[PDB]
Amino acid sequence: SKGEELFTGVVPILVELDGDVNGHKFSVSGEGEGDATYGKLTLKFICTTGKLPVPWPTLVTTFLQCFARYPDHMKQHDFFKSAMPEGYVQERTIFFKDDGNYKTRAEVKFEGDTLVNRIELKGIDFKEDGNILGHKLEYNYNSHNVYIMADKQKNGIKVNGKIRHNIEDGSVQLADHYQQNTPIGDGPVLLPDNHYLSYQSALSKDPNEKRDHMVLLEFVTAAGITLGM
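Residues numbered from 1 in each chain as written, not as in the entry; some residues may be left out. Heavy atoms only, no water.

- Looking at the method and resolution fields of the entry, one finds X-ray crystallography and 2.2000 Å.

Put into structure tokens, the structure is as follows:
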């Protein structure tokens, strides 16, 4: 398909985000590449406006599900590639249990041979010494599944995952991500049966890097539709 041959290989990625959380402003610029063939994703992010006012792991989901490896029997349930290269708009809220929420709009689309994710994010009503503004999260990440269902009421999909953020006292901060993907092009797109993406994420630091930054690797495989009985 038009959108499908775009992901036979490695694909350069660019990410740009401008943020407000409780009236502290910041920007993040991201570089890396994706390989939908493996289900791999590799990025380096940098806070260009100084120190990040929130823990890095709280932005991982905000920051490319087109790079998910869909199995053979499920290729016709891949909304994400089907909508390339004109792309999709992602509207989403992340609710942190017993704390504030992130509201963010983003546009994913090809800008040349590069996939570009332009993000806008606002946050309000965060506890000034909660797990987030307190910077109390471990710098790591856990397996999570992301549930996908058709929203043909609007030619799009709805997507929800519950994220587990480990805190330094052995407590867990929960984050509920609800998102809506709606195509930009008017071309026909794939509306999938119910399924999920199996996420694994690993965060690290570049030793040769002076700026507040995060190295993020993700592994994303579509699952949830069996063959036969």
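### Quick word on the side chain of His-195
- Of note, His-195 is situated in strand β10 (residues 195-204).
- Overall, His-195 belongs to the buried group, its relative accessible area being 4%.
- Of note is the side chain of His-195, whose polar atom sits 3.0 Å from the backbone oxygen of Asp-193.
- Excluding residues within four positions of it along the chain, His-195 makes contact with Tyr-70, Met-74, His-77, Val-146, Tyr-147, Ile-148, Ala-222, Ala-223 and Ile-225. (Helix = DSSP H or I, 4+ residues; strand = E, 2+ residues; numbered from the N terminus. Buried < 20%, exposed > 50% of the residue type's maximum accessible area, 1.4 Å probe, protein only. Polar contact = N/O pair within 3.5 Å; in protein donor to acceptor, adjacent residues only side chain to side chain. Contact = heavy atoms within 4.5 Å.)

### Considerations on the side chain of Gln-179
- Tracing the backbone shows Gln-179 in strand β9 (residues 172-183).
- Classification of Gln-179 by relative accessible area gives buried; the value is 6%.
- A polar contact is formed between the side chain of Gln-179 and the side chain of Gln-90, at a distance of 3.2 Å.
- Beyond its immediate chain neighbours, meaning those up to four positions away, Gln-179 contacts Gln-65, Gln-90, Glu-91, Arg-92, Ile-157, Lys-158 and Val-159.

### Concerning the environment of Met-214
- Note that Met-214 resides in strand β11 (residues 213-223).
- For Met-214, a relative accessible area of 0% corresponds to the buried category.
- The sequence separation of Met-214 and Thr-93 amounts to 121 residues, and the corresponding C-alpha distance is 22 Å.
- Among residues more than four places away in sequence, those in contact with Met-214 are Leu-43, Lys-44, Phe-45, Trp-56, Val-60, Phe-63, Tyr-139, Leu-203 and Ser-204.

### As for the pairing of strand β7 (residues 144-151)
- Relative to β10, β7 runs antiparallel, the two being bridged by 5 bridges. By the bridge assignment, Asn-145 is partnered in β10 with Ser-198.
- Where β7 and strand β8 (residues 156-166) come together, 5 bridges link them in antiparallel fashion. Its bridge partner lying in β8, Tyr-147 is registered against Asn-160. (Pairing = 2+ DSSP bridges.)

### Section: the layout of surface pockets
- The volume enclosed by the largest pocket comes to roughly 230 Å³.
- What lines the largest pocket is a set of 16 residues, among which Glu-4, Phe-7, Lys-75, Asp-78 and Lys-81 lie closest to the centre.
- Residue classes in the lining of the largest pocket are distributed as 5 nonpolar, 6 polar and 5 charged.
- Quantified by volume, the second largest pocket comes out at close to 150 Å³. (1 Å grid on protein atoms, 1.4 Å probe; cavity = no way out; pocket = protein on both sides within 12 Å on 5 of 7 lines; lining within 4 Å. Points joined across faces, edges and corners; volume = space filled by probe spheres on them. Nonpolar A, V, L, I, M, F, W, Y, C, P; charged D, E, K, R; others polar.)

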